[PDB]
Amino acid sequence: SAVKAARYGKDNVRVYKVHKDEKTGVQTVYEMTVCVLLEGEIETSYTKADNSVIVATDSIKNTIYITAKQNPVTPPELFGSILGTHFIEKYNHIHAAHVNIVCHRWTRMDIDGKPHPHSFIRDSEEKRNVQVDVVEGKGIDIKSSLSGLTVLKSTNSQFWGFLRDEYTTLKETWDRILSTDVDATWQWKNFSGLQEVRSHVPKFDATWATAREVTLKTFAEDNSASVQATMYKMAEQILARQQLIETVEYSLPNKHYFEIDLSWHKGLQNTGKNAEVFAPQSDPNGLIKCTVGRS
């Protein structure tokens, strides 16, 4: 046998960091879950019980904590880059670092009108994430995303004119519910190293903000021909609003809500135009993915 591929490291490192403006007295907190996996000349640790090549997962956990103390942890794209550059610059036999960051929401609380200086609320389970791959002599590839953004519109969603054969039972509809959890990824042009990443830093928040803003607006205003048609509109708006983005990716569940025929009981009318009460369906669910780049 032989080692064809190998990576190893530390998953699920929970990390908190506070910033104290000792002038204003305003505190900002950040919270993330971090994973770092390394590659390189580490095959012997697998084939020959040679641990001499292993930076211990424990130590990678140390490094995450250390790097966070020594550097800003915002924006995620930058922290990832700094963390991954460390591993490949520090160790000769380590040739790639793979850094996934999941960011958790701590939104400043508004109390009696006023933004409060050090109290926070998890106002969603929506996440901002990054995948940052730092390969030696290749640069830094960054996939940014927002995920777990759960939305529902009660009308202005259609689905008609799909293929009908002897497998088809679904009725054409000109008015349905559409609900999804948004998973959106945008992939940056290759950067050459930390310097280039640092030169674009303001763009990372900007593009994230844009992605979320477009997602929410297109969803609410579009008279959806299908999930397919609506997600493509979002994607092409994002690509047009930031040229450092090479591709845009959406994975979207169709979280169906079924009409309930209630007419067997007192001729009660609750379908079509009369539909008021709906059965949310835990499963199964439609799943729709698309990758959109420039023509």
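The first residue of the sequence shown is number 1, and the count goes up from there.
Query raised in the report: Given the B-factors recorded for C-alpha atoms, which segment has the greater mean, 22-30 or 56-64?
Result: The stretch with the larger mean CA B-factor is 22-30.
Requested in this report: Just grab whichever of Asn223, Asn129, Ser81, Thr150 has the top CA B-factor as deposited.
Outcome: Reading the PDB entry, the winner on C-alpha B-factor is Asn223.
Query - CA B-factor placement of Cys290, once the chain's modelled residues are sorted into thirds - result: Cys290: CA B-factor falls in the middle third of its chain.
Report task. Would you please rank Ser145 by its C-alpha temperature factor against the other modelled residues of its chain and give the third it falls in: lowest, middle or highest? Result -> For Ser145, whose C-alpha B-factor we compare with every modelled residue in the chain, the answer is the lowest third.
Query raised in the report: Would the CA B-factor of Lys273 place it in the lowest, middle or highest third of its chain?
Result: Highest third - that is where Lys273 ends up once the chain's C-alpha B-factors are sorted.
**Report entry** Modelled-residue ranking by C-alpha temperature factor, third containing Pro75
**Finding:** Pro75: CA B-factor falls in the middle third of its chain.
Query raised in the report: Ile42's Cα B-factor: lowest, middle or highest third of the chain?
Result: Highest third.
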